[PDB]
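**Student:** Submitted below is the structure of interest, expressed as structure tokens.
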Amino acid sequence: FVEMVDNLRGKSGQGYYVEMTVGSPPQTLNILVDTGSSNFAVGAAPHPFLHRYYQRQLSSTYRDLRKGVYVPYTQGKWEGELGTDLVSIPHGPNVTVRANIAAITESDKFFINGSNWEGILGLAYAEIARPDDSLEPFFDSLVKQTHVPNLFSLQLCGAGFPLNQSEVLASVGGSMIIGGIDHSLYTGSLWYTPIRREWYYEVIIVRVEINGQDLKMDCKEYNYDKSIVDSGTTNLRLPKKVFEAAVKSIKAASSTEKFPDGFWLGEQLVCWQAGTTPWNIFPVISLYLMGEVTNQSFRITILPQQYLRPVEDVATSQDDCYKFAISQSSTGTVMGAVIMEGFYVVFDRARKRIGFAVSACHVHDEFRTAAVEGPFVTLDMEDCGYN
Ligand SMILES: COc1ccc(-c2nsc(C)c2C(=O)NC(=N)NCc2cc(Cl)c(N)c(Cl)c2)cc1
């Protein structure tokens with residue numbers, strides 16, 4: 001799948017995007033890859049943060065669905081006008097499909113300054129598409145209209161250090177393989193967790209460790225009210241109760257150095273003299289996921305190189321600075337970009353499962369590596385799910 005290798009650009013904090021064209025003649029747009037929503041939507045009107053937008057009046061193949069759509073979130077929102085048009089992915093499978101497009105006409109805190117994407121590709125299932133599950137998501141259209149296998153896989157590559165405007169534009173941000181698995185993007189084995197329900201990409205976490213120490217919470221808490229793999233979220237987001245126990249435990253493990261409470265709230269950055277980030281003082285985090293074989297689980301291990309997100313210093317000095325990329329969630333566990341950066345992630349929609357393997361581009365040190373390991377004999381995993 002050489003054509004699709006290196007087709008992504010971007011970073012954790014502003015999202016990873018892929019190049020796409022919409023309309024006739026093809027209008028090129030950069031589109032945020034998002035496994036946590038289900039709408040294909042693009043800027044269709046001038047905006048302070050958009051360099052280009054979809055111009056329906058200039059597409060001969062544009063079709064107006066004569067229907068509005070409103071898509072709100074906690075952090076931002078957009079509203080637009082539904083329609084269909086021809087879509088291709090230049091560095092994807094060699095195909096053109098007719099798919100639904102939401103032409104965005106108003107937005108609040110959706111388009112991020114300097115992110116370089118002009119639209120969003122919701123890769124989740126119909127159930128959570130707006131306005132209703134009737135609006136066929138892009139990937140479903142793709143599978144129906146072509147011979148592309150019902151499968152895609154993501155390696156998001158964090159740099160491990162800040163990237164300026166010029167550098168993020170020039171760097172490879174990773175790969176989205178549409179229709180397959182590329183073996184060069186990972187090392188070791190692929191372990192699969194079942195997709196519990198086809199709405200978000202929902203999984204079940206059965207156990208959490210901080211430096212091997214069991215958080216010893218009741219299973220159900222880790223997936224209250226859900227647990228999802230979410231491309232378009234920056235942080236690892238943890239439910240209120242899990243977040244507090246996690247932070248208490250990370251604070252204890254890193255006790256030899258003290259940090260402002262604003263750091264632990266994900267607000268304030270911490271800096272160290274160039275090259276002196278004390279990675280070793282921070283614990284690894286292990287998340288155990290339900291396996292495919294009954295009574296069997298496996299674990300994914302992330303390093304502080306994952307949960308500490310590189311941000312450029314306030315006065316741009318030589319210092320290495322980071323934000324704590326774990327936040328409180330009021331709507332379940334979100335395995336965001338920072339987690340996904342550790343792993344090659346296979347969204348096997350055909351076999352209703354999600355694959356994890358150690359990423360060939362994950363940031364580590366010489367003493368410690370990210371890990372995907374198993375199996376473990378775990379019981380009653382089914383009732384860690386919320387209902
Ligand atoms: C910053 O604080 C946050 C607060 C809540 C949740 C969150 N909790 S659960 C779940 C499924 C989500 C989720 O929305 N994931 C996703 N890709 N949403 C779409 C989207 C992408 C962008 Cl780039 C923008 N600007 C906007 Cl507004 C929406 C995520 C982040």
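Residues in the structure tokens are named by chain (A, B, ... in the order shown) and by number from 1 within that chain; ligands are numbered from 1 in the order shown.
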Show me which residues sit within 7 Å of ligand 1 when counting only C-alpha atoms and all ligand atoms, and put them as an MDAnalysis selection string.
**Tutor:** chainID A and resid 14:15 34:37 72:77 109:112 200 228 230:234 329 331:332 334
**Student:** So that I can see what lies close to residue 89 (chain A), please list as a list in words the residues with an atom at most 10 Å from it, counting only C-alpha atoms and leaving out residues fewer than 4 positions away in the same chain.
**Tutor:**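 Contacts, with the query itself left out: residues 4, 7, 18, 19, 20, 21, 22, 28, 29, 93, 94, 95, 96, 97 and 178 of chain A.
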**Student:** Could you go through region 47-256 of chain A and tell me which residues DSSP, when run on the backbone, assigns to alpha helix (DSSP H), listing them as JSON, numbers by chain?
**Tutor:** {"A": [138, 139, 140, 141, 142, 143, 144, 145, 165, 166, 167, 168, 169, 170, 240, 241, 242, 243, 244, 245, 246, 247, 248, 249, 250, 251, 252, 253]}
**Student:** Could the residues in this selection be written to a file with N, CA and C atoms, as an mmCIF file, in the first residue's frame?
**Tutor:**
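What ended up in part-v2.cif:
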data_model
loop_
_atom_site.group_PDB
_atom_site.id
_atom_site.type_symbol
_atom_site.label_atom_id
_atom_site.label_comp_id
_atom_site.auth_asym_id
_atom_site.auth_seq_id
_atom_site.Cartn_x
_atom_site.Cartn_y
_atom_site.Cartn_z
ATOM 1 N N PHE A 138 -19.056 8.914 4.939
ATOM 2 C CA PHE A 138 -18.194 8.768 3.769
ATOM 3 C C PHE A 138 -17.667 7.346 3.544
ATOM 4 N N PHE A 139 -17.159 6.722 4.607
ATOM 5 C CA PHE A 139 -16.519 5.415 4.474
ATOM 6 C C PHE A 139 -17.513 4.349 4.013
ATOM 7 N N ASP A 140 -18.759 4.447 4.484
ATOM 8 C CA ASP A 140 -19.808 3.516 4.074
ATOM 9 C C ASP A 140 -20.077 3.655 2.581
ATOM 10 N N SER A 141 -20.206 4.897 2.108
ATOM 11 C CA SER A 141 -20.342 5.167 0.671
ATOM 12 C C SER A 141 -19.175 4.564 -0.110
ATOM 13 N N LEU A 142 -17.954 4.783 0.385
ATOM 14 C CA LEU A 142 -16.741 4.276 -0.271
ATOM 15 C C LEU A 142 -16.782 2.766 -0.463
ATOM 16 N N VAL A 143 -17.094 2.040 0.618
ATOM 17 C CA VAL A 143 -17.187 0.566 0.595
ATOM 18 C C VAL A 143 -18.283 0.078 -0.355
ATOM 19 N N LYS A 144 -19.449 0.717 -0.291
ATOM 20 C CA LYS A 144 -20.571 0.363 -1.160
ATOM 21 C C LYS A 144 -20.275 0.602 -2.635
ATOM 22 N N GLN A 145 -19.668 1.739 -2.962
ATOM 23 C CA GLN A 145 -19.460 2.114 -4.365
ATOM 24 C C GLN A 145 -18.179 1.579 -5.018
ATOM 25 N N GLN A 165 5.265 26.438 12.044
ATOM 26 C CA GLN A 165 4.321 26.475 10.920
ATOM 27 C C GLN A 165 4.908 25.806 9.665
ATOM 28 N N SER A 166 6.108 26.246 9.307
ATOM 29 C CA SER A 166 6.874 25.709 8.180
ATOM 30 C C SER A 166 7.179 24.209 8.311
ATOM 31 N N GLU A 167 7.504 23.768 9.523
ATOM 32 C CA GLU A 167 7.910 22.379 9.757
ATOM 33 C C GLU A 167 6.752 21.394 9.711
ATOM 34 N N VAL A 168 5.621 21.768 10.309
ATOM 35 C CA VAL A 168 4.430 20.919 10.259
ATOM 36 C C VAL A 168 3.920 20.758 8.827
ATOM 37 N N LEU A 169 4.077 21.803 8.013
ATOM 38 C CA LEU A 169 3.736 21.742 6.592
ATOM 39 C C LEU A 169 4.693 20.842 5.803
ATOM 40 N N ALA A 170 5.961 20.809 6.203
ATOM 41 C CA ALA A 170 6.975 20.038 5.480
ATOM 42 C C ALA A 170 7.147 18.605 5.974
ATOM 43 N N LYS A 240 -14.250 11.437 35.406
ATOM 44 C CA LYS A 240 -14.024 12.086 36.710
ATOM 45 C C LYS A 240 -13.256 11.242 37.733
ATOM 46 N N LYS A 241 -13.838 10.108 38.108
ATOM 47 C CA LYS A 241 -13.289 9.257 39.156
ATOM 48 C C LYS A 241 -11.954 8.619 38.770
ATOM 49 N N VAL A 242 -11.875 8.111 37.542
ATOM 50 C CA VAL A 242 -10.639 7.522 37.012
ATOM 51 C C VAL A 242 -9.555 8.591 36.920
ATOM 52 N N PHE A 243 -9.909 9.747 36.368
ATOM 53 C CA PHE A 243 -8.979 10.873 36.274
ATOM 54 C C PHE A 243 -8.309 11.207 37.607
ATOM 55 N N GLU A 244 -9.103 11.339 38.667
ATOM 56 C CA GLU A 244 -8.572 11.680 39.990
ATOM 57 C C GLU A 244 -7.604 10.636 40.532
ATOM 58 N N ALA A 245 -7.967 9.359 40.415
ATOM 59 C CA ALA A 245 -7.105 8.273 40.879
ATOM 60 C C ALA A 245 -5.839 8.174 40.025
ATOM 61 N N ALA A 246 -5.993 8.350 38.713
ATOM 62 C CA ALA A 246 -4.863 8.370 37.799
ATOM 63 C C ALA A 246 -3.884 9.480 38.160
ATOM 64 N N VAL A 247 -4.394 10.700 38.327
ATOM 65 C CA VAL A 247 -3.545 11.862 38.607
ATOM 66 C C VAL A 247 -2.857 11.735 39.976
ATOM 67 N N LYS A 248 -3.590 11.241 40.968
ATOM 68 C CA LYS A 248 -3.038 10.994 42.301
ATOM 69 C C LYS A 248 -1.844 10.036 42.209
ATOM 70 N N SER A 249 -2.008 9.012 41.379
ATOM 71 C CA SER A 249 -1.026 7.950 41.225
ATOM 72 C C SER A 249 0.185 8.368 40.390
ATOM 73 N N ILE A 250 -0.043 9.176 39.357
ATOM 74 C CA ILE A 250 1.045 9.732 38.556
ATOM 75 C C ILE A 250 1.845 10.730 39.391
ATOM 76 N N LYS A 251 1.148 11.503 40.228
ATOM 77 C CA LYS A 251 1.804 12.465 41.130
ATOM 78 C C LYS A 251 2.707 11.779 42.137
ATOM 79 N N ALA A 252 2.256 10.639 42.656
ATOM 80 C CA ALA A 252 3.021 9.854 43.624
ATOM 81 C C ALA A 252 4.276 9.242 43.000
ATOM 82 N N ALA A 253 4.130 8.731 41.781
ATOM 83 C CA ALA A 253 5.229 8.103 41.057
ATOM 84 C C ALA A 253 6.303 9.109 40.664
#
**Student:** Name the residues of region 160-329 of chain A that fall into strand (DSSP E or B) according to DSSP on the backbone, using the chain letters and numbers of this document, as a ChimeraX atom specification.
**Tutor:** /A:174-178,186-194,198,201-202,205-210,213-214,227-229,236-239,270-272,285-290,296-302,308-310,320-324,326-329
**Student:** Under the rule of at most 12 Å, produce a per-residue listing of region 259-359 of chain A near region 213-224 of chain A: chain, number, name, the closest pair of atoms, and the distance in Å, as a tab-separated table, using only C-alpha atoms.
**Tutor:**
residue	atom	partner	partner_atom	distance
A:283	CA	A:213	CA	9.9
A:284	CA	A:213	CA	10.1
A:285	CA	A:213	CA	9.5
A:286	CA	A:214	CA	9.2
A:287	CA	A:222	CA	9.6
A:288	CA	A:222	CA	10.2
A:289	CA	A:222	CA	10.6
A:290	CA	A:219	CA	11.2
A:329	CA	A:224	CA	9.8
A:330	CA	A:224	CA	8.9
A:331	CA	A:224	CA	7.4
A:332	CA	A:224	CA	5.0
A:333	CA	A:223	CA	6.1
A:334	CA	A:223	CA	9.5
A:335	CA	A:223	CA	11.3
**Student:** Keeping only N, CA and C atoms, write those residues as a CSV table (one decimal), in the first residue's frame.
**Tutor:**
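The resulting selection_38.csv:
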chain,number,residue,atom,x,y,z
A,283,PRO,N,5.7,7.6,35.4
A,283,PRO,CA,5.3,6.2,35.2
A,283,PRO,C,4.8,5.9,33.8
A,284,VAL,N,4.9,4.7,33.4
A,284,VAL,CA,4.2,4.2,32.2
A,284,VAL,C,2.7,3.9,32.6
A,285,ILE,N,1.8,4.0,31.6
A,285,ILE,CA,0.4,3.7,31.8
A,285,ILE,C,0.0,2.6,31.0
A,286,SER,N,-0.6,1.6,31.6
A,286,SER,CA,-1.1,0.4,30.9
A,286,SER,C,-2.6,0.4,30.9
A,287,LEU,N,-3.2,0.2,29.7
A,287,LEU,CA,-4.6,0.0,29.6
A,287,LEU,C,-4.9,-1.4,29.1
A,288,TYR,N,-5.6,-2.2,29.9
A,288,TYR,CA,-6.0,-3.6,29.5
A,288,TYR,C,-7.3,-3.6,28.7
A,289,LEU,N,-7.3,-4.1,27.5
A,289,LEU,CA,-8.5,-4.2,26.7
A,289,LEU,C,-9.0,-5.6,26.6
A,290,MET,N,-10.3,-5.8,26.6
A,290,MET,CA,-11.0,-7.1,26.3
A,290,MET,C,-10.4,-7.7,25.0
A,329,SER,N,-12.9,13.9,31.9
A,329,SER,CA,-13.9,13.8,30.9
A,329,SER,C,-15.3,13.6,31.6
A,330,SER,N,-16.3,14.2,31.1
A,330,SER,CA,-17.7,14.1,31.6
A,330,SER,C,-18.5,13.1,30.7
A,331,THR,N,-17.8,12.6,29.7
A,331,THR,CA,-18.5,11.7,28.8
A,331,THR,C,-17.7,10.4,28.4
A,332,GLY,N,-17.0,9.8,29.3
A,332,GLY,CA,-16.3,8.6,29.2
A,332,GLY,C,-14.9,8.7,28.8
A,333,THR,N,-14.2,7.5,28.6
A,333,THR,CA,-12.8,7.5,28.2
A,333,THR,C,-12.6,7.8,26.7
A,334,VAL,N,-11.8,8.7,26.4
A,334,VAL,CA,-11.4,9.0,25.1
A,334,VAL,C,-9.9,8.7,24.9
A,335,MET,N,-9.7,7.7,24.1
A,335,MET,CA,-8.3,7.4,23.6
A,335,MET,C,-8.0,8.3,22.4
**Student:** Show me a table, sorted first by chain and then by increasing residue number, of the residues of region 102-145 of chain A having an atom at most 10 Å from region 340-352 of chain A, each with its shortest atom pair and the distance in Å to one decimal, counting only C-alpha atoms and written as CSV.
**Tutor:**
residue,atom,partner,partner_atom,distance
A:123,CA,A:347,CA,9.7
A:124,CA,A:349,CA,9.9
A:125,CA,A:349,CA,9.7
**Student:** If you count only C-alpha atoms, which residues fall within 6 Å of region 369-385 of chain A, apart from same-chain ones fewer than 6 positions away, as a tab-separated table (two decimals) with C-alpha atoms, in the first residue's frame?
**Tutor:**
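Result saved to around.tsv:
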chain	number	residue	atom	x	y	z
A	219	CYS	CA	-14.05	-2.18	35.90
A	220	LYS	CA	-17.22	-0.28	35.07
A	295	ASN	CA	-11.73	-14.68	29.19
A	296	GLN	CA	-8.61	-13.25	27.56
A	297	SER	CA	-7.31	-9.68	27.59
A	298	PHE	CA	-4.20	-7.81	26.48
A	299	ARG	CA	-2.56	-4.49	27.36
A	300	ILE	CA	-1.29	-1.34	25.67
A	301	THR	CA	1.48	0.55	27.44
A	302	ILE	CA	2.13	4.24	26.84
A	357	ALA	CA	0.48	-2.75	17.56
A	358	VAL	CA	3.60	-0.84	18.68
**Student:** Please determine, counting only C-alpha atoms, which residue among A:192, A:117, A:259, A:54 has the shortest atom-to-atom distance to residue 24 (chain A).
**Tutor:** A:54
**Student:** Can you pull out every residue within 12 Å of residue 56 (chain A), counting only C-alpha atoms, but drop anything in the same chain fewer than 3 positions away, and send it as a PyMOL selection string?
**Tutor:** chain A and resi 22-27+42-45+53+59-64+81-86+101-105
